[PDB]
file target_17.txt (compact mmCIF, C-alpha atoms and all ligand atoms)
# COMPACT_ATOMS: atom_id res chain seq x y z
CA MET A 1 -39.24 -11.41 -86.50
CA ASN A 2 -37.45 -13.37 -83.78
CA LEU A 3 -39.73 -14.36 -80.92
CA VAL A 4 -39.66 -16.41 -77.73
CA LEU A 5 -42.82 -17.76 -76.08
CA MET A 6 -42.18 -18.27 -72.38
CA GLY A 7 -44.55 -19.78 -69.84
CA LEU A 8 -44.91 -22.37 -67.10
CA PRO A 9 -46.25 -25.77 -68.19
CA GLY A 10 -49.84 -25.51 -69.39
CA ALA A 11 -49.80 -21.73 -69.90
CA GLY A 12 -50.92 -22.11 -73.54
CA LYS A 13 -47.59 -21.88 -75.41
CA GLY A 14 -48.41 -24.44 -78.11
CA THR A 15 -51.98 -23.19 -78.52
CA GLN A 16 -50.79 -19.65 -79.23
CA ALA A 17 -47.70 -20.68 -81.24
CA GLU A 18 -49.95 -22.44 -83.76
CA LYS A 19 -52.03 -19.28 -84.27
CA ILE A 20 -48.93 -17.12 -84.56
CA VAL A 21 -47.13 -19.24 -87.15
CA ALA A 22 -50.33 -19.61 -89.19
CA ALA A 23 -50.56 -15.81 -89.46
CA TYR A 24 -46.92 -15.04 -90.30
CA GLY A 25 -45.60 -18.16 -91.96
CA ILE A 26 -42.45 -18.51 -89.81
CA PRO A 27 -41.13 -21.77 -88.27
CA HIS A 28 -42.33 -23.08 -84.90
CA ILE A 29 -39.38 -24.37 -82.91
CA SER A 30 -40.47 -26.32 -79.79
CA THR A 31 -37.83 -28.08 -77.69
CA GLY A 32 -40.48 -30.31 -76.14
CA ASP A 33 -41.67 -31.40 -79.59
CA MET A 34 -38.09 -31.98 -80.78
CA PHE A 35 -37.38 -34.22 -77.76
CA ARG A 36 -40.57 -36.17 -78.38
CA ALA A 37 -39.60 -36.64 -82.03
CA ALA A 38 -36.19 -37.98 -80.99
CA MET A 39 -37.83 -40.41 -78.54
CA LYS A 40 -40.00 -41.84 -81.32
CA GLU A 41 -37.03 -42.14 -83.72
CA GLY A 42 -35.08 -43.94 -80.99
CA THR A 43 -32.05 -41.64 -81.19
CA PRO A 44 -29.43 -41.33 -78.41
CA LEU A 45 -30.81 -37.89 -77.41
CA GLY A 46 -34.37 -39.23 -77.48
CA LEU A 47 -33.41 -42.05 -75.11
CA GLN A 48 -31.72 -39.64 -72.68
CA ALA A 49 -34.53 -37.04 -72.83
CA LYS A 50 -37.16 -39.68 -72.10
CA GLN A 51 -35.92 -40.27 -68.54
CA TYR A 52 -36.18 -36.56 -67.63
CA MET A 53 -39.46 -35.93 -69.46
CA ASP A 54 -41.11 -38.96 -67.83
CA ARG A 55 -40.23 -37.54 -64.38
CA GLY A 56 -41.13 -33.96 -65.28
CA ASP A 57 -37.54 -32.79 -64.89
CA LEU A 58 -35.71 -30.53 -67.31
CA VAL A 59 -33.30 -32.07 -69.85
CA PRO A 60 -29.71 -30.82 -69.10
CA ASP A 61 -28.68 -27.48 -70.60
CA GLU A 62 -25.71 -28.57 -72.75
CA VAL A 63 -27.81 -31.09 -74.70
CA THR A 64 -30.82 -28.76 -75.07
CA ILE A 65 -28.69 -25.84 -76.24
CA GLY A 66 -26.98 -28.10 -78.76
CA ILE A 67 -30.20 -29.11 -80.52
CA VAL A 68 -31.49 -25.54 -80.67
CA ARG A 69 -28.19 -24.29 -82.13
CA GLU A 70 -28.41 -26.90 -84.92
CA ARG A 71 -32.06 -26.06 -85.62
CA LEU A 72 -31.52 -22.25 -85.79
CA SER A 73 -28.69 -22.48 -88.31
CA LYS A 74 -31.05 -23.73 -91.04
CA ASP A 75 -32.13 -21.48 -93.93
CA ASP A 76 -35.82 -21.75 -93.06
CA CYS A 77 -35.12 -19.42 -90.14
CA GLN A 78 -34.06 -16.49 -92.35
CA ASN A 79 -37.49 -14.74 -92.19
CA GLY A 80 -37.70 -15.12 -88.42
CA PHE A 81 -38.86 -17.83 -86.06
CA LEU A 82 -40.82 -18.61 -82.94
CA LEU A 83 -39.03 -20.43 -80.08
CA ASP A 84 -41.53 -22.28 -77.85
CA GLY A 85 -40.29 -23.53 -74.51
CA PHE A 86 -36.71 -22.37 -75.01
CA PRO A 87 -34.99 -20.84 -73.21
CA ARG A 88 -36.12 -22.06 -69.80
CA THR A 89 -33.02 -21.54 -67.66
CA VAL A 90 -30.66 -18.62 -67.32
CA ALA A 91 -27.86 -20.67 -68.88
CA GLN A 92 -30.08 -21.39 -71.93
CA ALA A 93 -30.91 -17.68 -72.24
CA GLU A 94 -27.24 -16.58 -72.11
CA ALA A 95 -26.42 -19.21 -74.72
CA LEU A 96 -29.30 -18.06 -76.94
CA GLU A 97 -27.91 -14.51 -76.94
CA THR A 98 -24.54 -15.54 -78.45
CA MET A 99 -26.11 -18.22 -80.68
CA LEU A 100 -28.26 -15.52 -82.28
CA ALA A 101 -25.33 -13.04 -82.45
CA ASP A 102 -23.30 -15.62 -84.41
CA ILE A 103 -25.98 -15.64 -87.12
CA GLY A 104 -26.51 -11.88 -87.06
CA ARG A 105 -29.82 -11.84 -85.20
CA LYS A 106 -31.32 -10.39 -82.02
CA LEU A 107 -34.59 -11.23 -80.27
CA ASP A 108 -37.50 -8.88 -80.83
CA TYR A 109 -39.82 -9.96 -78.00
CA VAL A 110 -39.92 -12.53 -75.22
CA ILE A 111 -43.64 -13.05 -74.70
CA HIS A 112 -44.33 -14.29 -71.17
CA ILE A 113 -47.79 -15.86 -70.92
CA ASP A 114 -48.66 -15.60 -67.22
CA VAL A 115 -51.14 -17.94 -65.54
CA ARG A 116 -51.70 -18.87 -61.86
CA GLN A 117 -50.41 -22.25 -60.74
CA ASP A 118 -53.75 -23.63 -59.59
CA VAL A 119 -55.13 -22.98 -63.02
CA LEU A 120 -52.03 -24.51 -64.67
CA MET A 121 -52.67 -27.71 -62.70
CA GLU A 122 -56.13 -28.00 -64.24
CA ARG A 123 -54.91 -26.98 -67.71
CA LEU A 124 -52.59 -30.00 -67.73
CA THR A 125 -54.41 -32.80 -65.89
CA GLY A 126 -57.53 -32.37 -68.02
CA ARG A 127 -55.69 -32.21 -71.36
CA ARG A 128 -56.45 -35.10 -73.78
CA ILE A 129 -54.69 -35.60 -77.12
CA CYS A 130 -55.76 -37.65 -80.15
CA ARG A 131 -53.57 -40.71 -80.64
CA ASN A 132 -54.23 -40.54 -84.38
CA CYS A 133 -53.93 -36.93 -85.47
CA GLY A 134 -52.54 -35.08 -82.45
CA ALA A 135 -55.61 -32.83 -82.02
CA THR A 136 -55.77 -31.38 -78.48
CA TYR A 137 -58.83 -31.21 -76.23
CA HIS A 138 -59.53 -30.38 -72.65
CA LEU A 139 -62.10 -32.20 -70.52
CA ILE A 140 -63.03 -29.01 -68.63
CA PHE A 141 -62.30 -26.10 -71.00
CA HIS A 142 -62.73 -27.54 -74.50
CA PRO A 143 -64.14 -31.12 -74.57
CA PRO A 144 -64.72 -33.36 -77.60
CA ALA A 145 -68.29 -33.78 -78.98
CA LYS A 146 -68.21 -37.40 -77.79
CA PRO A 147 -66.14 -38.62 -74.77
CA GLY A 148 -62.74 -40.12 -75.61
CA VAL A 149 -63.28 -39.64 -79.35
CA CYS A 150 -61.46 -37.11 -81.55
CA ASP A 151 -63.92 -34.80 -83.43
CA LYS A 152 -61.57 -34.59 -86.40
CA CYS A 153 -60.64 -38.20 -87.20
CA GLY A 154 -62.59 -40.39 -84.80
CA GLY A 155 -59.35 -41.41 -83.09
CA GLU A 156 -58.77 -42.46 -79.46
CA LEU A 157 -58.00 -39.65 -77.00
CA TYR A 158 -55.42 -40.24 -74.26
CA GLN A 159 -53.53 -38.39 -71.55
CA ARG A 160 -49.89 -37.47 -72.12
CA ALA A 161 -47.52 -39.48 -69.86
CA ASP A 162 -46.28 -36.42 -67.98
CA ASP A 163 -49.79 -34.89 -67.50
CA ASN A 164 -50.78 -36.92 -64.44
CA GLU A 165 -51.11 -34.88 -61.22
CA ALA A 166 -47.93 -36.08 -59.49
CA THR A 167 -45.69 -35.42 -62.51
CA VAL A 168 -47.38 -32.05 -63.12
CA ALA A 169 -46.58 -30.88 -59.56
CA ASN A 170 -42.91 -31.65 -60.19
CA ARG A 171 -43.04 -29.91 -63.60
CA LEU A 172 -44.50 -26.74 -62.12
CA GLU A 173 -41.95 -26.72 -59.31
CA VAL A 174 -38.83 -27.10 -61.43
CA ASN A 175 -40.06 -24.69 -64.14
CA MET A 176 -40.98 -22.13 -61.52
CA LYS A 177 -37.45 -22.23 -60.05
CA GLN A 178 -35.62 -22.25 -63.39
CA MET A 179 -37.81 -20.17 -65.67
CA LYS A 180 -39.07 -17.39 -63.40
CA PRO A 181 -35.69 -15.69 -63.01
CA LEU A 182 -35.86 -15.20 -66.83
CA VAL A 183 -38.57 -12.55 -66.35
CA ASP A 184 -36.00 -10.33 -64.67
CA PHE A 185 -33.27 -11.27 -67.17
CA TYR A 186 -35.35 -10.16 -70.17
CA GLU A 187 -36.93 -7.14 -68.46
CA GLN A 188 -33.39 -5.84 -68.08
CA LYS A 189 -32.79 -6.36 -71.81
CA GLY A 190 -36.07 -4.70 -72.62
CA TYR A 191 -37.37 -7.69 -74.58
CA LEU A 192 -39.93 -8.83 -72.00
CA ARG A 193 -43.69 -8.39 -72.64
CA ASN A 194 -46.31 -9.87 -70.30
CA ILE A 195 -49.57 -11.40 -71.56
CA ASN A 196 -52.42 -12.42 -69.26
CA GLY A 197 -52.92 -16.10 -70.17
CA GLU A 198 -56.11 -16.52 -68.09
CA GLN A 199 -58.42 -15.34 -70.87
CA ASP A 200 -60.20 -17.16 -73.65
CA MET A 201 -57.90 -18.37 -76.42
CA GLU A 202 -58.95 -15.76 -79.01
CA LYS A 203 -58.47 -12.90 -76.56
CA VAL A 204 -55.01 -14.13 -75.61
CA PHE A 205 -54.19 -14.21 -79.32
CA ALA A 206 -55.65 -10.73 -79.85
CA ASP A 207 -53.39 -9.36 -77.09
CA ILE A 208 -50.41 -11.03 -78.71
CA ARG A 209 -51.30 -9.85 -82.23
CA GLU A 210 -51.71 -6.32 -80.85
CA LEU A 211 -48.18 -6.46 -79.44
CA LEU A 212 -46.69 -7.91 -82.63
CA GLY A 213 -48.38 -5.11 -84.55
CA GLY A 214 -45.97 -2.62 -83.03
CA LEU A 215 -43.22 -4.21 -85.13
CA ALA A 216 -44.79 -3.08 -88.41
CA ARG A 217 -45.44 0.40 -87.02
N1 LIG A 301 -35.85 -25.80 -72.92
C1 LIG A 301 -35.85 -26.97 -72.25
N2 LIG A 301 -34.91 -27.31 -71.37
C2 LIG A 301 -34.91 -28.45 -70.69
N3 LIG A 301 -35.89 -29.35 -70.86
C3 LIG A 301 -36.88 -29.09 -71.75
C4 LIG A 301 -36.86 -27.90 -72.43
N4 LIG A 301 -37.92 -27.80 -73.24
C5 LIG A 301 -38.60 -28.94 -73.09
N5 LIG A 301 -37.98 -29.72 -72.18
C6 LIG A 301 -38.34 -31.05 -71.68
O1 LIG A 301 -39.46 -31.55 -72.42
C7 LIG A 301 -40.61 -31.59 -71.54
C8 LIG A 301 -41.91 -31.17 -72.23
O2 LIG A 301 -41.83 -29.82 -72.76
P1 LIG A 301 -43.20 -29.11 -73.35
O3 LIG A 301 -43.78 -30.12 -74.28
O4 LIG A 301 -42.61 -27.89 -73.94
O5 LIG A 301 -44.02 -28.90 -72.10
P2 LIG A 301 -44.41 -27.65 -71.33
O6 LIG A 301 -43.47 -26.52 -71.42
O7 LIG A 301 -44.48 -28.08 -69.92
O8 LIG A 301 -45.81 -27.13 -71.65
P3 LIG A 301 -46.96 -27.83 -72.29
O9 LIG A 301 -46.66 -28.33 -73.64
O10 LIG A 301 -47.40 -29.03 -71.57
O11 LIG A 301 -48.13 -26.85 -72.37
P4 LIG A 301 -48.24 -25.57 -73.18
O12 LIG A 301 -47.86 -24.32 -72.51
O13 LIG A 301 -47.78 -25.62 -74.57
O14 LIG A 301 -49.82 -25.58 -73.36
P5 LIG A 301 -50.97 -25.97 -74.40
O15 LIG A 301 -50.95 -24.92 -75.44
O16 LIG A 301 -51.01 -27.35 -74.85
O17 LIG A 301 -52.21 -25.84 -73.42
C9 LIG A 301 -52.39 -26.77 -72.34
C10 LIG A 301 -53.85 -27.13 -72.19
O18 LIG A 301 -54.63 -25.99 -71.82
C11 LIG A 301 -55.58 -25.73 -72.88
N6 LIG A 301 -55.58 -24.27 -73.13
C12 LIG A 301 -54.69 -23.49 -73.76
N7 LIG A 301 -55.06 -22.20 -73.69
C13 LIG A 301 -56.20 -22.21 -73.01
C14 LIG A 301 -57.00 -21.11 -72.63
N8 LIG A 301 -56.73 -19.83 -72.95
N9 LIG A 301 -58.08 -21.39 -71.87
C15 LIG A 301 -58.41 -22.65 -71.53
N10 LIG A 301 -57.69 -23.68 -71.92
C16 LIG A 301 -56.54 -23.49 -72.62
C17 LIG A 301 -55.21 -26.56 -74.07
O19 LIG A 301 -56.40 -27.02 -74.74
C18 LIG A 301 -54.49 -27.73 -73.43
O20 LIG A 301 -55.43 -28.75 -73.05
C19 LIG A 301 -40.26 -30.72 -70.37
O21 LIG A 301 -40.97 -31.11 -69.21
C20 LIG A 301 -38.78 -31.06 -70.22
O22 LIG A 301 -38.69 -32.42 -69.73
MN MN A 302 -46.42 -27.19 -75.64
ZN ZN A 303 -57.76 -37.18 -84.25
call {"tool": "encode", "arguments": {"input": "target_17.txt", "output": "C-alpha cells", "more": "lines below"}}
Ligand SMILES: Nc1ncnc2c1ncn2[C@@H]1O[C@H](COP(=O)(O)OP(=O)(O)OP(=O)(O)OP(=O)(O)OP(=O)(O)OC[C@H]2O[C@@H](n3cnc4c(N)ncnc43)[C@H](O)[C@@H]2O)[C@@H](O)[C@H]1O
Ligand SMILES: [Mn+2]
Ligand SMILES: [Zn+2]
result
Amino acid sequence: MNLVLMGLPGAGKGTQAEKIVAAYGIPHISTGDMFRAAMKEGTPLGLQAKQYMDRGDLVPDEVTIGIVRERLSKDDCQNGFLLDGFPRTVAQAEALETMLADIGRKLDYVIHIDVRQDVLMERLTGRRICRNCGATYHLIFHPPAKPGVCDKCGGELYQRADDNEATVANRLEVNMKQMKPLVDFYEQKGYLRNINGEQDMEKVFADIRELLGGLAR
C-alpha cells in the first residue's frame, strides 16, 4: 500500500498519519519531520532547511526530492509506506512518479484532506506541543487538563516557531500556490481522493479507513 497524504498546513496530516500507521504497520515518511531531525543533528541540510522553515517558505525541490529518494530505497518500505507532506509541488510529484517506477512501485491513493483556510489559521496558531515528549494539544479544539502542562509527562508546552500568525499566513499562501495544482495532477492520474478534514478526528479517520478498505476488496 503506497499512500500520499496531501493537505495545506494544519489540515491534520500528522494526526491522521499516526492513526493510519498504527493500524497497518507501515512507515510514516514526513519531509517536515526529516528536516526537523536534520536541524537538531546540525547537518548541512538541516542548516539550509532551517532558514526556509523559519520563514514558512518551502525548501527547494532538488534537496527535498533527494532526501525522499534516499528514504524510499530502504527495505522497510517493501510492505508499503505513507508519505506525509510530500509531494507539495508539481516538480516533486513528477519526480515521485519516476522514483517509484525505479523501485517497481506505483501510488495507490493520494488522500487530499481539505479544510478551509480560516479554519487552518486557527488549527495552527492554537497548536501547543510538549517540549518533553512531543505530545500535541490545541488550546481551542483539544486543550491539556492543566494550562501549559502536558497530560502525559508533565512537561512544558510551547508553540512551534513557525506557528505564529505571521509565519502561518505565509505558509498558507505558498502551499496554496504550490500544492493546489496537485489536485488536478492526481485527478488526471486517477489517484486523487478527497476527504473532508473539517470533522472530528475519529470521523476523518473513519472516512479514510473506509476508502482504504476498497484496497482489500
Ligand atoms: N515537501 C516539501 N517541500 C518543501 N518544503 C517542505 C516540504 N515538506 C516540508 N517542508 C518544509 O518543512 C516545513 C514544515 O512541514 P510540516 O511539518 O510538514 O508542516 P505542514 O505541512 O505545514 O503541516 P503541519 O505539520 O503544521 O500540520 P499538519 O497537517 O500535520 O497537522 P496536525 O496533524 O498537527 O494538526 C494541526 C493542529 O490541528 C489539530 N487537529 C488535527 N485534526 C483536527 C481535527 N479534525 N479537528 C480539530 N483539530 C484538529 C491538531 O491537534 C493540531 O493542533 C514546511 O513549512 C517547509 O518549510
Ligand atoms: Mn505535520
Ligand atoms: Zn509530554
call {"tool": "residues_near_point", "arguments": {"input": "target_17.txt", "point": "(-61.8, -28.8, -61.1)", "cutoff": "9 Å", "atoms": "all atoms listed in the file", "output": "number ranges by chain"}}
result
A: 122, 126, 140
call {"tool": "residues_near_ligand", "arguments": {"input": "target_17.txt", "ligand": "ligand ZN 303 (chain A)", "cutoff": "6 Å", "atoms": "all atoms listed in the file", "output": "ChimeraX atom specification"}}
result
/A:130,132-135,150,152-155
call {"tool": "closest_atom_pairs", "arguments": {"input": "target_17.txt", "of": "chain A", "to": "ligand LIG 301 (chain A)", "cutoff": "7 Å", "atoms": "only C-alpha atoms and all ligand atoms", "output": "Markdown table"}}
result
| residue | atom | partner | partner_atom | distance |
| --- | --- | --- | --- | --- |
| A:7 | CA | A:LIG301 | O12 | 6.2 |
| A:8 | CA | A:LIG301 | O6 | 6.2 |
| A:9 | CA | A:LIG301 | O7 | 3.4 |
| A:10 | CA | A:LIG301 | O11 | 3.7 |
| A:11 | CA | A:LIG301 | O12 | 4.2 |
| A:12 | CA | A:LIG301 | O15 | 3.4 |
| A:13 | CA | A:LIG301 | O12 | 3.8 |
| A:14 | CA | A:LIG301 | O15 | 3.7 |
| A:15 | CA | A:LIG301 | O15 | 3.7 |
| A:16 | CA | A:LIG301 | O15 | 6.5 |
| A:30 | CA | A:LIG301 | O4 | 6.4 |
| A:31 | CA | A:LIG301 | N4 | 4.5 |
| A:32 | CA | A:LIG301 | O2 | 3.7 |
| A:33 | CA | A:LIG301 | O3 | 5.9 |
| A:35 | CA | A:LIG301 | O1 | 6.3 |
| A:49 | CA | A:LIG301 | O22 | 6.9 |
| A:52 | CA | A:LIG301 | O22 | 5.3 |
| A:53 | CA | A:LIG301 | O22 | 3.6 |
| A:56 | CA | A:LIG301 | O21 | 4.9 |
| A:57 | CA | A:LIG301 | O22 | 5.0 |
| A:58 | CA | A:LIG301 | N3 | 3.7 |
| A:59 | CA | A:LIG301 | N3 | 3.9 |
| A:60 | CA | A:LIG301 | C2 | 5.9 |
| A:61 | CA | A:LIG301 | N2 | 6.3 |
| A:64 | CA | A:LIG301 | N2 | 5.7 |
| A:84 | CA | A:LIG301 | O4 | 6.9 |
| A:85 | CA | A:LIG301 | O4 | 5.0 |
| A:86 | CA | A:LIG301 | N1 | 4.1 |
| A:87 | CA | A:LIG301 | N1 | 5.0 |
| A:88 | CA | A:LIG301 | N1 | 4.9 |
| A:123 | CA | A:LIG301 | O18 | 4.2 |
| A:124 | CA | A:LIG301 | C10 | 5.5 |
| A:126 | CA | A:LIG301 | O20 | 6.5 |
| A:127 | CA | A:LIG301 | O20 | 3.9 |
| A:128 | CA | A:LIG301 | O20 | 6.5 |
| A:136 | CA | A:LIG301 | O19 | 5.8 |
| A:137 | CA | A:LIG301 | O19 | 5.1 |
| A:138 | CA | A:LIG301 | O20 | 4.4 |
| A:141 | CA | A:LIG301 | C15 | 5.2 |
| A:142 | CA | A:LIG301 | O19 | 6.4 |
| A:171 | CA | A:LIG301 | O21 | 6.1 |
| A:197 | CA | A:LIG301 | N8 | 6.0 |
| A:198 | CA | A:LIG301 | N8 | 5.9 |
| A:199 | CA | A:LIG301 | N8 | 5.2 |
| A:200 | CA | A:LIG301 | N8 | 4.4 |
| A:201 | CA | A:LIG301 | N8 | 3.9 |
| A:204 | CA | A:LIG301 | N8 | 6.5 |
call {"tool": "write_last_selection", "arguments": {"input": "target_17.txt", "atoms": "C-alpha atoms", "output": "mmCIF file, keeping the file's coordinate frame"}}
result
data_model
loop_
_atom_site.group_PDB
_atom_site.id
_atom_site.type_symbol
_atom_site.label_atom_id
_atom_site.label_comp_id
_atom_site.auth_asym_id
_atom_site.auth_seq_id
_atom_site.Cartn_x
_atom_site.Cartn_y
_atom_site.Cartn_z
ATOM 1 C CA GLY A 7 -44.550 -19.780 -69.840
ATOM 2 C CA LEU A 8 -44.910 -22.370 -67.100
ATOM 3 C CA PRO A 9 -46.250 -25.770 -68.190
ATOM 4 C CA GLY A 10 -49.840 -25.510 -69.390
ATOM 5 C CA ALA A 11 -49.800 -21.730 -69.900
ATOM 6 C CA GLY A 12 -50.920 -22.110 -73.540
ATOM 7 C CA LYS A 13 -47.590 -21.880 -75.410
ATOM 8 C CA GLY A 14 -48.410 -24.440 -78.110
ATOM 9 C CA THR A 15 -51.980 -23.190 -78.520
ATOM 10 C CA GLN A 16 -50.790 -19.650 -79.230
ATOM 11 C CA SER A 30 -40.470 -26.320 -79.790
ATOM 12 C CA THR A 31 -37.830 -28.080 -77.690
ATOM 13 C CA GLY A 32 -40.480 -30.310 -76.140
ATOM 14 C CA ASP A 33 -41.670 -31.400 -79.590
ATOM 15 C CA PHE A 35 -37.380 -34.220 -77.760
ATOM 16 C CA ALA A 49 -34.530 -37.040 -72.830
ATOM 17 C CA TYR A 52 -36.180 -36.560 -67.630
ATOM 18 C CA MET A 53 -39.460 -35.930 -69.460
ATOM 19 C CA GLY A 56 -41.130 -33.960 -65.280
ATOM 20 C CA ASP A 57 -37.540 -32.790 -64.890
ATOM 21 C CA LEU A 58 -35.710 -30.530 -67.310
ATOM 22 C CA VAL A 59 -33.300 -32.070 -69.850
ATOM 23 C CA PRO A 60 -29.710 -30.820 -69.100
ATOM 24 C CA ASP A 61 -28.680 -27.480 -70.600
ATOM 25 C CA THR A 64 -30.820 -28.760 -75.070
ATOM 26 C CA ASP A 84 -41.530 -22.280 -77.850
ATOM 27 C CA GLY A 85 -40.290 -23.530 -74.510
ATOM 28 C CA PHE A 86 -36.710 -22.370 -75.010
ATOM 29 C CA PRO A 87 -34.990 -20.840 -73.210
ATOM 30 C CA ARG A 88 -36.120 -22.060 -69.800
ATOM 31 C CA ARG A 123 -54.910 -26.980 -67.710
ATOM 32 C CA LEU A 124 -52.590 -30.000 -67.730
ATOM 33 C CA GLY A 126 -57.530 -32.370 -68.020
ATOM 34 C CA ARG A 127 -55.690 -32.210 -71.360
ATOM 35 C CA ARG A 128 -56.450 -35.100 -73.780
ATOM 36 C CA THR A 136 -55.770 -31.380 -78.480
ATOM 37 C CA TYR A 137 -58.830 -31.210 -76.230
ATOM 38 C CA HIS A 138 -59.530 -30.380 -72.650
ATOM 39 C CA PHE A 141 -62.300 -26.100 -71.000
ATOM 40 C CA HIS A 142 -62.730 -27.540 -74.500
ATOM 41 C CA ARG A 171 -43.040 -29.910 -63.600
ATOM 42 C CA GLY A 197 -52.920 -16.100 -70.170
ATOM 43 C CA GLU A 198 -56.110 -16.520 -68.090
ATOM 44 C CA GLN A 199 -58.420 -15.340 -70.870
ATOM 45 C CA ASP A 200 -60.200 -17.160 -73.650
ATOM 46 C CA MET A 201 -57.900 -18.370 -76.420
ATOM 47 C CA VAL A 204 -55.010 -14.130 -75.610
#
call {"tool": "closest_residue", "arguments": {"input": "target_17.txt", "among": "A:179, A:23, A:100, A:129", "to": "ligand MN 302 (chain A)", "atoms": "only C-alpha atoms and all ligand atoms"}}
result
A:129
call {"tool": "atom_distance", "arguments": {"input": "target_17.txt", "atom1": "atom CA of residue A:83", "atom2": "atom CA of residue A:115"}}
result
19.1 Å
call {"tool": "closest_residue", "arguments": {"input": "target_17.txt", "among": "A:89, A:160, A:108, A:203", "to": "ligand MN 302 (chain A)", "atoms": "all atoms listed in the file"}}
result
A:160
